[PDB]
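Chemist: my sequence and its experimental structure, below.
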Amino acid sequence: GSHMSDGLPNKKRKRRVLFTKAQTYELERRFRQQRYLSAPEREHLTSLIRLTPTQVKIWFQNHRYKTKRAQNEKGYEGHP
């Protein structure tokens, strides 16, 4: 059956957005087997959680900067 709305203009020019803890998950796993996704590396994912190739790289950017804060935190956090 037709369970996919192809009307994209029916929406306004605004609407928050996120990712299935799943996407972001595999999509986060890629960052492991690859730290510099490209045009051919990303795609591999685009097969997984469809994060369209470029969209895949566009996401890394957001993490690239934060993926650095994680290492700064990481550890047990607190005072051992």
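Modeler: Received the coordinates, thanks. Residues are numbered from 1 along each chain as shown.
Chemist: can I get stretch 66-80 in CSV, CA atoms only?
Modeler: The C-alpha atoms that make up stretch 66-80 are tabulated as CSV, following Å, rounded to 0.1, in the frame of the first residue of the first chain:
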residue,chain,number,x,y,z
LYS,A,66,32.1,17.2,20.0
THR,A,67,33.7,13.8,19.5
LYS,A,68,36.6,15.8,20.9
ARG,A,69,34.7,16.9,24.0
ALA,A,70,33.8,13.2,24.7
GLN,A,71,37.5,12.2,25.0
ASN,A,72,38.0,15.2,27.3
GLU,A,73,35.2,13.8,29.5
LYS,A,74,35.3,10.1,29.1
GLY,A,75,37.1,8.4,32.1
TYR,A,76,34.9,7.7,35.1
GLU,A,77,34.2,11.5,35.7
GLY,A,78,34.4,12.7,39.3
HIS,A,79,37.6,12.1,41.3
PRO,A,80,39.4,8.8,41.7
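Chemist: how far does it sit from its chain's centre?
Modeler: Relative to the chain's own centre, stretch 66-80 is displaced by 21 Å; criterion: CA atoms, centre = their mean, to the nearest Å.
Chemist: contacts for it, please.
Modeler: With contact meaning CB atoms under 8 Å, 6 or more residues apart in numbering, stretch 66-80 is reached by residue 31. To be clear about C-beta, it is placed using only N, CA and C from the backbone, and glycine gets the same treatment.
Chemist: next one: stretch 54-64
Modeler: Stretch 54-64 has contacts (CB under 8 Å, 6+ apart) with 19, 24, 27, 28, 30, 31, 37, 38, 42, 45, 46, 51.
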